[PDB]
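Coordinates in review
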Amino acid sequence: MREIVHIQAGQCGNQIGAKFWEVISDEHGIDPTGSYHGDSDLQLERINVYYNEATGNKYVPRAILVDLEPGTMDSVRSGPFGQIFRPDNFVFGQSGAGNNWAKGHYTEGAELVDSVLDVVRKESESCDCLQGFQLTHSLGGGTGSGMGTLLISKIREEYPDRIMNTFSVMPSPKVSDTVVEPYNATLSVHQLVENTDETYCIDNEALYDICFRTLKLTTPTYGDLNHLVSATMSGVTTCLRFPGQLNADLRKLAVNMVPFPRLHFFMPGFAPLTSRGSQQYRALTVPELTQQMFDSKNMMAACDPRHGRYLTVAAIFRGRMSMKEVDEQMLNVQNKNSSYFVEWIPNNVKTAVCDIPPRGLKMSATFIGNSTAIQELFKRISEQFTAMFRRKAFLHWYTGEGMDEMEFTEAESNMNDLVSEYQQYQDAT
Amino acid sequence: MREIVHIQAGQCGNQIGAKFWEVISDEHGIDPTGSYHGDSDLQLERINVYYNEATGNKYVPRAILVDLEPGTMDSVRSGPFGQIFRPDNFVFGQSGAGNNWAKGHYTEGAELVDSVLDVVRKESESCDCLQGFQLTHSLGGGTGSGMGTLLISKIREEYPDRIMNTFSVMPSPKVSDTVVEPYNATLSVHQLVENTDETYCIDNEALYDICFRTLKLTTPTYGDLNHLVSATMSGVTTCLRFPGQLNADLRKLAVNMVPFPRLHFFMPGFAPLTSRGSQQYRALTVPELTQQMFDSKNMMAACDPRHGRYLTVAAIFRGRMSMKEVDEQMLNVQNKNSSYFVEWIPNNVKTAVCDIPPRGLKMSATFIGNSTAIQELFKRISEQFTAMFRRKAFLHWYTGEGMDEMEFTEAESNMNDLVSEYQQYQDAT
Amino acid sequence: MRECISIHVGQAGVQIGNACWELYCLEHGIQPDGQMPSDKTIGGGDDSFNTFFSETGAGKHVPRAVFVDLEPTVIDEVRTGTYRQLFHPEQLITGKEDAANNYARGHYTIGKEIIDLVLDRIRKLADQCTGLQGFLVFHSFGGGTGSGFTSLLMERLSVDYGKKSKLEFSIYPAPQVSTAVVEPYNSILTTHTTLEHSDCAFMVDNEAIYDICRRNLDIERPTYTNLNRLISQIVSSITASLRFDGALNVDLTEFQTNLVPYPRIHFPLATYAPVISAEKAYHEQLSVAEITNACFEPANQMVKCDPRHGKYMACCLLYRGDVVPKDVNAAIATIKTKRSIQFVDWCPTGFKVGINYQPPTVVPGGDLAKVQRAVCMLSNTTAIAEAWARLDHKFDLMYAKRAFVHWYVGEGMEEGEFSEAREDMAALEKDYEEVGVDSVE
Ligand SMILES: CC(=O)O[C@H]1C(=O)[C@@]2(C)[C@H]([C@H](OC(=O)c3ccccc3)[C@]3(O)C[C@H](OC(=O)[C@H](O)[C@@H](NC(=O)c4ccccc4)c4ccccc4)C(C)=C1C3(C)C)[C@]1(OC(C)=O)CO[C@@H]1C[C@@H]2O
Ligand SMILES: CC(=O)O[C@H]1C(=O)[C@@]2(C)[C@H]([C@H](OC(=O)c3ccccc3)[C@]3(O)C[C@H](OC(=O)[C@H](O)[C@@H](NC(=O)c4ccccc4)c4ccccc4)C(C)=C1C3(C)C)[C@]1(OC(C)=O)CO[C@@H]1C[C@@H]2O
Ligand SMILES: Nc1nc2c(ncn2[C@@H]2O[C@H](COP(=O)(O)OP(=O)(O)OP(=O)(O)O)[C@@H](O)[C@H]2O)c(=O)[nH]1
Ligand SMILES: Nc1nc2c(ncn2[C@@H]2O[C@H](COP(=O)(O)OP(=O)(O)O)[C@@H](O)[C@H]2O)c(=O)[nH]1
Ligand SMILES: Nc1nc2c(ncn2[C@@H]2O[C@H](COP(=O)(O)OP(=O)(O)O)[C@@H](O)[C@H]2O)c(=O)[nH]1
Ligand SMILES: [Mg+2]
């Protein structure tokens, strides 16, 4: 019951999920080969949320790996965790995406999506009672953006009532490593609006900032930033897999995170984050963890909450903890900072408490915020977009691939309308 | 006195009876070899109802095994209970039946029935005072349907006043495992009308439903479903073999179960059915057993009694029980559910009470119902029949074997007339 | 036989019942494997296990209770846990997805799929009863199953049965502490069946219990497990005079006759006086006189409320243990004396006492000590309107902008239903404004 299909898409999608199924595969004591080597029978009661048991107690995930380039697949196969996936789930083309949206959504994506939805139906027809899906992908890539939004817009036609959420990486102007990532991000924000139930917006600068300031790292790679992100994605569905005192599925969050439809862009947050060495000097508690979660410097989205108001938040704690301290800390926050909350919603916070912490510490927590300050993201992109597009730069690589202008102007307007949706719900009483 | 000749016919017939003479052979403490190893002299007073005592206290049943295929016979011989039968009673041909009615009733059945009625007269000429016969067979097979109804229609010419009853398995549309089972079932319903004294209609879906819901089994085979059915067939003739407080032969049921001739199609029911583990959580009592015998989910016929009215029922209890609780429970039922009974019959229920429960528990019971809701069976077949026959599909394998069309149209009309016999006796005051 | 039915709905409703059915196991001397031990060659339905325990043959006690959830997960804590063979297997009914804090899902979409299987469990327990007393629904206002399903059930229980008492043990939403943000949506919609179909709805909330644990009891850090042992002593005393001897016994129906003035004024809060920590249990004077005064304390309330803000309408003293009545009548007369305690002017004769001989049990690993006497005071007061004013205002805020409406409409209810259940609760709060006021001539 309550299975989750994992569709990691693109290059970025595969890197995160590579590290994602290295965490989950530790949560449940899965061997690299696929056998089970746990001790506690909590690890197995709800293993089936992610893993198909196969013949002779091997555990094959329900993940589908999609790419338009053979490379990432060959890396994953040849690595520590190649053994863990089913080889019919490594679905990939040959001709690269171009870091071009048109090329992954119309030309070379449509060719492949038939051979992938046929793998979605291998997974969906085997489940007892499916709950949801998930992309892991990148707004700013070819396959992450384009092919991802082709997969999504073809699942709503098949499975129109399952919680489909994305962990999408969004561009930041301070750190650019692709010239047309405004073009590629604009045309996919357009698709995520109408098609998705929850969207966890993650940036790059926000992850260095955690590494530098909080964790006291020296030299971060993609390897390190997605290792964080995977500890968030584990937290989301903890109460789906572990027993808790308050439970919270995918659907439970969705329901009371999202005031209006369409405003389904969340800001995660993790706590605790210490350096090694500076762990014997923080006392690890619930007021300690709450103060980090309401800190700006522990947002994995490169914004400051202080430039708006949280509509709603959720607080997912993992550990042997109290309920008074939880119910109090979550109270003392929305009193002391009552101008940082939307006031037409009483009790902006939802708490959930699991019983099972991560496999090195006690008392973690995970903050998921629906803040109005996320329009700071959508405007920084729609300024770069409108500065290139007024010249019509880089246009022939897009009109060459089946698109035209009128897909742009509408997609620019769909991004600029929801800036005026966070804006309405920040102010006006 | 009051002997019963057992004619298990076909493949299905042999499987049930294999398991049937594993129960009876436990009721009377018969060794696999055929010696007696009981302790109570109740087991021997009426052993002769089923068993010929042979030379030197071995006990050979009065069963005749008929087949058109050597296989089932070789299985039974080579099994645990091969020793128990007399080897002159394993009567079988070589050429298979085809799951064809014509092939078992005219061509290859008629050839063999001479060598079988000569075995019927070995058994019938040895009995003190014969009571009855019994087929165990399958409406939907070649030998169960065809050869069975050839044996029946040739016994009424010899023994025209013995209670001949069948435990016939009837097809269900939810579970099909033969394409022309409408053809094979239609042409044998035709013979069971005019020739039989009681007919215990049993289905497949009704037996999974007992396994899944009530018994809490996992993975049923034919082995498991007929193990149930044999616990019904033991119950029928309990008071014929054991002493009781109310007695009840084959003839006693027949007489006050059957308002009109021709309406001799009964719905069995057994109680109790618990899983192991869920036995220390039911209190085992007469109101406990009564509620199982009238619940729809404990019918071995895939119907709901609520789609009609019981004409008559019989309630055959086996155990050290009271008579007030029996006489009351059977009263409180036909008061509270007075619209579920035909009202032109007072006291729709006949009780019989034996003294001897099965060899694991106290206080079993057996429900045998003459419900009007059995036309749900005859119509679901006469819809499949009339959908194939309008094309004349699969016709040359039947007209090839000595039949013709006019045997079909009449046999379809004999089934469709008795739908209008259960219909008349449901409604109309 | 004075038999009664527990129904435990949703996560909160199940997890209370663990703490209920832990207790009765100790009350009647029953092992978690349903067995009375060998030192009970005394009278069993004379100790009257037979209101909560159908005695299976061969000395085995299984409740008359049904554990219902739309989610598989909660009850699976009861399978195993330690209660894995206390319960009948067929009275632990699981769905596959919960209502997910959505009333429309618990009442229309998901709830209907298991509602007939649950009503059929009721009949299997209803037909085993001789002298059925009524039902005890446990839930929380502000779940999906606790609100949506309970609303669906209480409709069906009113139609099939009618005549019997149907008690509720709700958890009311707390004014500051809340964990769902649509918590007020699910409370307005459960208003409908709570006033109409229930015969007596109790309300508790978590903050008023946090106070008692921390202050009277010196527990640093309560969890749900700690609060529900407290809840269970209130219910254990309610239903104790059905099932033990005492002078002035009180059936389930003698509450309603003595507690409830008018049709829909049936929301009495409970208290419980001897909430005392082990150390503070010496340095006691825990007489009848002190424990009667402690009931009338605005701090010892189970609801975030202050009876100094309204008038009592009835009270109802249910005592257990080493009790001499004249001590009680002399403690009543003190209560009538004080003018800080406002009864209404149409009550005159204050309230109903009831005594029972069976002393409570100390729950092992539990939070209380060993007390000799114990008192719930079920008591109608006009101060529970204040709990409502603090929650209508949260509903009226969110529904002013039609916030979470799109989830609810797309699940099997209307926009129109919010406007009816808001009027419905506004009329209750108008009844308590008009029931507090005396008439003059
Ligand atoms: C001696 C000791 O206690 O070591 C700790 C440790 O020093 C700390 C610093 C860890 C450590 O984490 C990091 O340095 C880090 C690296 C990349 C990305 C994110 C963090 C640790 O590496 C991570 C590791 O985490 C776990 O085991 C969790 O279960 C976690 N797992 C993974 O991310 C993972 C790591 C390696 C291999 C496989 C999985 C998790 C979190 C959320 C959801 C699922 C799993 C722990 C407790 C530690 C070390 C090992 C030093 C911390 O992180 C986490 C997520 O627990 C960083 O701040 C916390 C506080 C811990 O005390
Ligand atoms: C502790 C206790 O009471 O155990 C029971 C038991 O648990 C139950 C569950 C039994 C049990 O049956 C099965 O588990 C089963 C498995 C596969 C297929 C069919 C049945 C039992 O095995 C079977 C067994 O039946 C008998 O012994 C009868 O004499 C029965 N005999 C056989 O069919 C038989 C089985 C194995 C070998 C040889 C013969 C019988 C019933 C009616 C008429 C004549 C005979 C019984 C009562 C039990 C066990 C032992 C657990 C039940 O079955 C029967 C036929 O009685 C299943 O539902 C009933 C209700 C019983 O209470
Ligand atoms: N006393 C007590 N109260 C609880 C407990 N769990 C939750 N509550 C409260 O009851 C409400 C929640 O009911 P839920 O468990 O959320 O829901 P449900 O009715 O079981 O169904 P879902 O919404 O589908 O999970 C909240 O407002 C809580 O404050 C518990 O263990 N004990
Ligand atoms: N978080 C994250 N983003 C990545 C990673 N690799 C690429 N990206 C992002 O993905 C986009 C480029 O798409 P890419 O994955 O190269 O497309 P490909 O042709 O399908 O490999 C950019 O917006 C990058 O920031 C990664 O490892 N982690
Ligand atoms: N109940 C039951 N039905 C059976 C069994 N085996 C075959 N059948 C039924 O019998 C029909 C096939 O006839 P069969 O017995 O194979 O004829 P054969 O050629 O004489 O063996 C189908 O309708 C089946 O449902 C059995 O073991 N039990
Ligand atoms: Mg729940």
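Residues numbered from 1 in each chain as written, not as in the entry; some residues may be left out. Chains lettered and ligands numbered in written order. Part of a larger assembly, values for the part shown. Heavy atoms only, no water.

Listed as the method for this PDB entry is cryo-EM; the listed resolution is 5.3 Å.

**A word on the UniProt feature "active site" in chain C**
All names here are of chain C. Worth spelling out the cut-off: UniProt positions are given in the numbering used here, feature names are shortened, and annotations may be inferred rather than shown by experiment. The helix count covers DSSP runs of H or I at least four residues long, the strand count covers runs of E at least two residues long, and both are numbered beginning at the N terminus. For every residue, the accessible area obtained with a 1.4 Å probe (protein chains only) is divided by the maximum for its type, and the residue is called buried under 20%, exposed over 50%, and partly exposed between those limits.
UniProt annotation of "active site" refers to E254 when read in the numbering used here. When you line up the elements, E254 lands in helix α9 (residues 253-259). Judged by its relative accessible area of 29%, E254 falls in the partly exposed class.

**Comments concerning the nonpolar core**
The condition is simple: Nonpolar cores were defined as sets of buried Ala, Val, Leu, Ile, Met, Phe, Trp, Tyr and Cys residues, with membership established by side-chain atoms within 4.5 Å. Throughout, a contact is declared for two residues whenever any of their heavy atoms are within 4.5 Å.
Counting residues in hydrophobic clusters, the biggest one holds 141 residues, and the most contacted among them are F378 of chain A together with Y185 and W388 of chain C. With sequence-adjacent residues up to four places away left out, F378 of chain A is seen in contact with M170, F265, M415, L418, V419 and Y422 of chain A. Counting residues in each nonpolar core, the second largest holds 82 residues, with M330 of chain A together with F138, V275 and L378 of chain C among its members.

**So, the pattern of salt bridges**
This is how it is decided: For this analysis, a salt bridge means a side-chain nitrogen from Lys or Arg found within 4 Å of a carboxyl oxygen belonging to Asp or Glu.
Evaluated as defined, the whole model comprises 50 salt bridges over all chains. A salt bridge links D161 of chain A to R162 of chain A, with the shortest nitrogen-to-oxygen separation between them at 3.9 Å. Here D161 of chain A falls in the partly exposed class, since its relative accessible area comes to 46%. With a relative accessible area of 24%, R162 of chain A lands in the partly exposed category. Notably, a salt bridge pairs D306 of chain C with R308 of chain C, separated by 3.2 Å at the nearest N-O pair. You can call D306 of chain C buried: its relative accessible area is 14%. Members of the salt-bridge network, linked through shared partners, are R2 and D249 of chain A together with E71 of chain C.

**Overview of the packing of helix α1 (residues 10-27) of chain B against helix α9 (residues 222-236) of chain B**
Residues and elements named next belong to chain B. The criterion, for reference: The angle between two axes is taken between their N-to-C directions and runs from 0 to 180 degrees, where each axis is a line fitted to C-alpha atoms and a helix contributes only its stretch in contact. Note on angle classes: values under 35 degrees are labelled roughly parallel, values over 145 roughly antiparallel, values of 65 to 115 roughly perpendicular, and the remainder oblique. Handedness of a crossing is defined here by the sense of rotation of the near helix relative to the far one, left-handed for an anticlockwise turn of less than a right angle and right-handed for a clockwise turn. In the scheme used here, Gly and all other residues not listed as nonpolar or charged are polar, with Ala, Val, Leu, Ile, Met, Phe, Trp, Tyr, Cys and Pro taken as nonpolar and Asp, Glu, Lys and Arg as charged.
Contact geometry of α1 with α9 gives a least axis separation of 8 Å together with a crossing angle of 55°. By the angle between their directions, the pair α1 and α9 is classed as oblique. Helix-helix and strand crossings are classified by hand; for α1 and α9 the assignment is right-handed. For the pair α1 and α9, the contacting residues are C12, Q15, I16, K19, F20, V23, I24 and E27 in the first and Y222, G223, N226, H227, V229, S230, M233 and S234 in the second. Taken together, the residues of the contact of α1 with α9 sort by class into 8 nonpolar, 6 polar and 2 charged.

**Digging into the interface of chain C and chain B**
Filter applied, for reference: Buried area is a sum: the accessible area each of two parts loses on coming together, probed at 1.4 Å, counted once for each and added. Each polar contact in these results corresponds to two N or O atoms within 3.5 Å; when the atoms are within protein, one needs to be able to donate a hydrogen and the other to accept it, and residues that are neighboring in sequence are counted only if both atoms are side-chain atoms.
Of the residues lining the interface, 11 residues belong to chain C; the matching set on chain B comes to 7 residues. Approximately 800 Å² of surface area, both sides summed, lies buried where chain C meets chain B, with 42% of it carried by carbon and sulfur atoms. Here chain C and chain B share 1 salt bridge between them. Linking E90 of chain C and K216 of chain B is a salt bridge whose minimum nitrogen-to-oxygen distance equals 2.2 Å. Taken together, chain C and chain B are joined by 2 residue pairs in polar contact. Residues of the side of chain C that touches chain B, tallied by class, amount to 3 nonpolar, 4 polar and 4 charged.

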